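Under mature numbering (1 follows the signal peptide of the UniProt record, and there is no 0), the sequence shown has 150 at position 27, and the numbering climbs by one with no breaks. Every residue, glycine too, gets a C-beta built ideally from N, C-alpha and C.
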Amino acid sequence: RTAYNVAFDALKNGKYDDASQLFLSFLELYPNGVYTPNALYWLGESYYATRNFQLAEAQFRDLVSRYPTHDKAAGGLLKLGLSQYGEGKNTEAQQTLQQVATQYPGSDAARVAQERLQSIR
Ligand SMILES: [Zn+2]
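Okay, structure coming up:
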């Protein structure tokens with residue numbers, strides 16, 4: 124049990140403010156560790172959960188940029204687009220959701236991105 128687990132447990136319990144502080148703290152210590160991509164993703168999700176779309180955008184963008192082949196990257200790009208939609212940036216959001224199907228064809232994330240894209244229209 125380490126700092127990642129302490130952060131993850133706050134998230135599991137729906138304590139999003141605590142989880143954001145703890146994952147932010149984790150990322151200060153681990154700018155490029157084994158669980159860095161995971162932490163960027165979950166920090167993004169913590170922010171997304173509380174409609175902090177600008178804060179979420181930074182985390183998901185970083186994740187996809189730096190770890191494009193990581194397990195979390197497809198979902199990260201999906202949530203980047205959803206965060207941009209949350210910011211009211213419809214053009215940029217549609218572009219990003221389109222990117223999920225292009226860069227991560229066949230992924231669960233690509234499917235969801237297409238569903239959300241059709242709803243945005
Ligand atoms: Zn934006």
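Scanning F131, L134, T125, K202 for the CA closest to the CA of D185 turns up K202.
In this structure, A232 places its C-beta atom within 8 angstroms of the C-beta atom of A197. Note on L152: under 16 other CB atoms within 10 angstroms of its CB, so exposed under the neighbour-count rule. Taking C-beta atoms as the reference points, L163 and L150 count as a pair closer than 8 angstroms.
DSSP places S230 outside both helix and strand once states are collapsed to three, so it counts as coil. Rounded to the nearest whole angstrom, the C-alpha separation of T214 and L147 is 29 angstroms. Cβ-Cβ distances below 6 angstroms link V223 to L200, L201, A232, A233, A236 in the same chain, with the five nearest sequence neighbours on each side left out; the list follows chain order. In the three-state reduction of the DSSP assignment, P160 falls in the helix class, which pools H, G and I. DSSP places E180 inside the alpha helix (DSSP H), whose first and last residues are 176-189.
If you check the C-beta of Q207 against ligand 1, you find a heavy atom less than 7 angstroms away.
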